[PDB]
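The data block below is protein_17.cif; it holds mmCIF, C-alpha atoms and all ligand atoms.
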data_structure
loop_
_atom_site.group_PDB
_atom_site.id
_atom_site.type_symbol
_atom_site.label_atom_id
_atom_site.label_comp_id
_atom_site.auth_asym_id
_atom_site.auth_seq_id
_atom_site.Cartn_x
_atom_site.Cartn_y
_atom_site.Cartn_z
ATOM 1 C CA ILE A 697 142.774 97.881 -46.990
ATOM 2 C CA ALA A 698 139.685 99.390 -45.358
ATOM 3 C CA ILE A 699 139.832 100.718 -41.794
ATOM 4 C CA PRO A 700 136.897 102.318 -39.932
ATOM 5 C CA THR A 701 137.092 105.874 -38.631
ATOM 6 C CA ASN A 702 133.992 105.802 -36.393
ATOM 7 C CA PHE A 703 131.710 103.393 -34.560
ATOM 8 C CA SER A 704 128.250 103.027 -33.051
ATOM 9 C CA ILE A 705 126.808 101.294 -29.985
ATOM 10 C CA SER A 706 123.706 99.131 -30.417
ATOM 11 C CA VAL A 707 121.424 97.263 -28.011
ATOM 12 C CA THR A 708 119.999 93.918 -29.153
ATOM 13 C CA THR A 709 116.958 92.207 -27.616
ATOM 14 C CA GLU A 710 116.517 88.432 -27.819
ATOM 15 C CA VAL A 711 113.967 86.234 -26.036
ATOM 16 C CA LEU A 712 113.763 82.503 -25.293
ATOM 17 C CA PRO A 713 111.394 80.472 -23.085
ATOM 18 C CA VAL A 714 112.473 78.924 -19.786
ATOM 19 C CA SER A 715 109.499 76.996 -18.382
ATOM 20 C CA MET A 716 105.873 76.082 -19.065
ATOM 21 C CA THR A 717 102.804 75.734 -16.853
ATOM 22 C CA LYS A 718 102.583 72.797 -14.456
ATOM 23 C CA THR A 719 99.513 70.589 -14.881
ATOM 24 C CA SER A 720 97.960 67.636 -13.072
ATOM 25 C CA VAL A 721 95.196 65.160 -13.899
ATOM 26 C CA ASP A 722 92.911 62.784 -11.981
ATOM 27 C CA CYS A 723 91.881 59.618 -13.835
ATOM 28 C CA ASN A 724 88.998 58.613 -11.566
ATOM 29 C CA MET A 725 87.034 61.811 -12.238
ATOM 30 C CA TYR A 726 88.091 62.213 -15.879
ATOM 31 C CA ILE A 727 87.385 58.708 -17.206
ATOM 32 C CA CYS A 728 84.357 58.001 -14.988
ATOM 33 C CA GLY A 729 83.521 60.888 -12.676
ATOM 34 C CA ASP A 730 81.218 60.006 -9.782
ATOM 35 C CA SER A 731 80.152 56.630 -11.234
ATOM 36 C CA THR A 732 81.213 53.810 -8.911
ATOM 37 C CA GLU A 733 80.025 51.186 -11.409
ATOM 38 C CA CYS A 734 83.045 51.876 -13.644
ATOM 39 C CA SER A 735 85.588 52.694 -10.926
ATOM 40 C CA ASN A 736 85.886 48.946 -10.311
ATOM 41 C CA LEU A 737 86.158 48.422 -14.076
ATOM 42 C CA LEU A 738 88.940 51.002 -14.400
ATOM 43 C CA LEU A 739 90.637 49.182 -11.513
ATOM 44 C CA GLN A 740 90.905 46.104 -13.788
ATOM 45 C CA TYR A 741 93.034 47.903 -16.411
ATOM 46 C CA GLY A 742 96.236 47.944 -14.354
ATOM 47 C CA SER A 743 98.501 50.841 -13.405
ATOM 48 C CA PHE A 744 98.438 53.148 -16.432
ATOM 49 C CA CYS A 745 97.287 56.150 -14.393
ATOM 50 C CA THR A 746 100.145 55.802 -11.906
ATOM 51 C CA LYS B 300 108.481 62.939 2.955
ATOM 52 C CA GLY B 301 107.036 65.311 0.384
ATOM 53 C CA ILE B 302 103.739 66.560 -1.011
ATOM 54 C CA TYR B 303 101.290 64.202 -2.726
ATOM 55 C CA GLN B 304 98.026 64.583 -4.640
ATOM 56 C CA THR B 305 95.274 62.430 -3.128
ATOM 57 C CA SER B 306 92.052 61.097 -4.635
ATOM 58 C CA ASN B 307 88.474 60.999 -3.320
ATOM 59 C CA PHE B 308 87.770 58.635 -0.433
ATOM 60 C CA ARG B 309 86.191 60.777 2.317
ATOM 61 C CA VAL B 310 82.677 61.441 0.956
ATOM 62 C CA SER B 311 80.358 58.755 -0.425
ATOM 63 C CA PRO B 312 76.688 59.095 -1.430
ATOM 64 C CA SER B 313 74.074 57.181 0.543
ATOM 65 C CA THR B 314 70.684 58.867 0.059
ATOM 66 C CA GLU B 315 68.584 58.046 -3.014
ATOM 67 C CA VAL B 316 66.387 60.907 -4.249
ATOM 68 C CA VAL B 317 63.885 60.384 -7.072
ATOM 69 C CA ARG B 318 61.564 62.855 -8.785
ATOM 70 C CA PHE B 319 58.887 61.761 -11.242
ATOM 71 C CA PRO B 320 55.965 63.433 -13.047
ATOM 72 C CA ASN B 321 52.464 63.551 -11.581
ATOM 73 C CA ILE B 322 51.041 60.951 -13.997
ATOM 74 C CA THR B 323 48.753 58.655 -12.013
ATOM 75 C CA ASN B 324 46.292 56.756 -14.235
ATOM 76 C CA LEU B 325 46.775 53.122 -15.221
ATOM 77 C CA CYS B 326 47.884 52.673 -18.771
ATOM 78 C CA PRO B 327 45.453 50.905 -21.159
ATOM 79 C CA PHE B 328 46.896 47.413 -21.514
ATOM 80 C CA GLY B 329 43.361 46.005 -21.508
ATOM 81 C CA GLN B 330 42.102 47.439 -24.801
ATOM 82 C CA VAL B 331 45.315 46.629 -26.704
ATOM 83 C CA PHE B 332 45.962 43.074 -25.413
ATOM 84 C CA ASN B 333 42.476 41.778 -24.495
ATOM 85 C CA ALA B 334 40.613 43.067 -27.539
ATOM 86 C CA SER B 335 38.781 41.362 -30.396
ATOM 87 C CA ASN B 336 39.504 41.139 -34.137
ATOM 88 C CA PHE B 337 43.024 42.390 -34.629
ATOM 89 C CA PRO B 338 43.669 43.256 -38.292
ATOM 90 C CA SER B 339 45.674 41.117 -40.663
ATOM 91 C CA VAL B 340 49.380 41.703 -41.230
ATOM 92 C CA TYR B 341 49.086 43.655 -44.500
ATOM 93 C CA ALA B 342 46.661 46.143 -42.868
ATOM 94 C CA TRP B 343 48.338 46.681 -39.500
ATOM 95 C CA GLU B 344 47.297 49.609 -37.317
ATOM 96 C CA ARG B 345 49.145 52.267 -35.326
ATOM 97 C CA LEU B 346 48.140 53.340 -31.823
ATOM 98 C CA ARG B 347 49.649 56.316 -30.001
ATOM 99 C CA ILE B 348 50.001 55.762 -26.250
HETATM 100 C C1 LIG A 801 130.787 109.322 -35.071
HETATM 101 O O1 LIG A 801 129.356 109.158 -35.039
HETATM 102 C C2 LIG A 801 128.699 109.927 -34.019
HETATM 103 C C3 LIG A 801 127.233 109.568 -34.081
HETATM 104 O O2 LIG A 801 126.680 109.862 -35.356
HETATM 105 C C4 LIG A 801 128.960 111.414 -34.242
HETATM 106 O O3 LIG A 801 128.367 112.160 -33.186
HETATM 107 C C5 LIG A 801 130.459 111.682 -34.292
HETATM 108 O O4 LIG A 801 130.698 113.048 -34.614
HETATM 109 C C6 LIG A 801 131.129 110.790 -35.333
HETATM 110 N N1 LIG A 801 132.568 110.997 -35.333
HETATM 111 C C7 LIG A 801 133.208 111.667 -36.297
HETATM 112 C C8 LIG A 801 134.694 111.785 -36.138
HETATM 113 O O5 LIG A 801 132.615 112.155 -37.253
HETATM 114 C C1 LIG A 802 39.594 39.101 -21.460
HETATM 115 O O1 LIG A 802 39.336 39.091 -20.042
HETATM 116 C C2 LIG A 802 38.185 38.326 -19.658
HETATM 117 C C3 LIG A 802 38.012 38.517 -18.169
HETATM 118 O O2 LIG A 802 38.487 39.789 -17.750
HETATM 119 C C4 LIG A 802 38.387 36.867 -20.053
HETATM 120 O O3 LIG A 802 37.220 36.125 -19.718
HETATM 121 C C5 LIG A 802 38.658 36.765 -21.549
HETATM 122 O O4 LIG A 802 38.950 35.417 -21.900
HETATM 123 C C6 LIG A 802 39.827 37.662 -21.953
HETATM 124 N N1 LIG A 802 40.016 37.627 -23.396
HETATM 125 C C7 LIG A 802 41.115 37.158 -24.000
HETATM 126 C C8 LIG A 802 42.202 36.642 -23.100
HETATM 127 O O5 LIG A 802 41.228 37.150 -25.221
#
Let me see the file written as C-alpha cells.
Amino acid sequence: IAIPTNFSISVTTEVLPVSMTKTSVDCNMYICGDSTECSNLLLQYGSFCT
Amino acid sequence: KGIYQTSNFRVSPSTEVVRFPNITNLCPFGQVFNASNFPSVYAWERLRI
C-alpha cells in the first residue's frame, strides 16, 4: 500500500459567463428609416416586428 | 404597469426644401427635333448635350 506523508494546498481559478448584453431594435427606422412611402407598405406585412 | 419602448409619432416633416444648380438657358430641342436631313440608320450620329 502507498500512504502519503505530506500534503500541499492549492488554489484553482475557473471562470464561466453569467449574462450577455441587452439589445433592442426598431423596425420602422431599420427597414425604412424616415421614408413614409414604405411605412404603409411595412404595415401590410403583419405583426412580425411585434 | 411597466416600462415600454415607443416609436416615432411626435415629429413629422412638413417643409419642402429644394436646391438646384444655377443652370438657366433653354436646352436645344429645336436643332435636334426640327432639323433637316437626318442621316440614315447605318450612319447614325452622336450628339453630346
Ligand atoms: C511538507 O511540505 C512543506 C512544503 O514544501 C514543507 O515545508 C514541510 O517541511 C514538508 N513536511 C515534511 C515532514 O517534510
Ligand atoms: C419647324 O418649325 C417651323 C416653325 O417654327 C415650321 O414651319 C416647320 O414646319 C418645322 N419643321 C418641321 C416640323 O419639320
Next item on the list: Give as an NGL selection string the residues that the PyMOL selection byres (((not hetatm)) within 9 of (chain A and resi 801)) matches when applied to the coordinates above.
Entry: :A and (701-704)
Next item on the list: Any chance you could resolve the PyMOL selection byres ((chain A and not hetatm) within 9 of (chain B)) against this file and give the residues as a ChimeraX atom specification?
Entry: /A:720,722,724
Next item on the list: May I have the residues within 12 Å of ligand LIG 802 (chain A), computed using only C-alpha atoms and all ligand atoms, as a list in words?
Entry: residues 328, 329, 330, 331, 332, 333, 334, 335, 336 and 337 of chain B
Note to self: From the options B:301, B:309, B:327, B:319, which residue's atoms come nearest to residue 346 (chain B), counting only C-alpha atoms?
What the structure shows: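 Comparing B:301, B:309, B:327, B:319 against residue 346 (chain B), the winner is B:327.
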Taking all atoms of region 325-344 of chain B that appear in the file, build a box with edges along x, y and z, extend it by 3 Å on every side, and state its centre and edge lengths in Å to one decimal, as AutoDock Vina command-line options.
--center_x 44.1 --center_y 47.1 --center_z -29.9 --size_x 16.6 --size_y 18.0 --size_z 35.3
Check: What separation in Å, quoted to one decimal, exists between CA of residue 727 (chain A) and CA of residue 302 (chain B)?
Finding: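 CA of residue 302 (chain B) lies 24.3 Å from CA of residue 727 (chain A).
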Next item on the list: Go ahead and compute the interatomic distance for CA of residue 716 (chain A) and CA of residue 300 (chain B), in Å to one decimal.
Entry: 25.8 Å
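Atom pair CA of residue 729 (chain A) / CA of residue 745 (chain A): separated by 14.7 Å.
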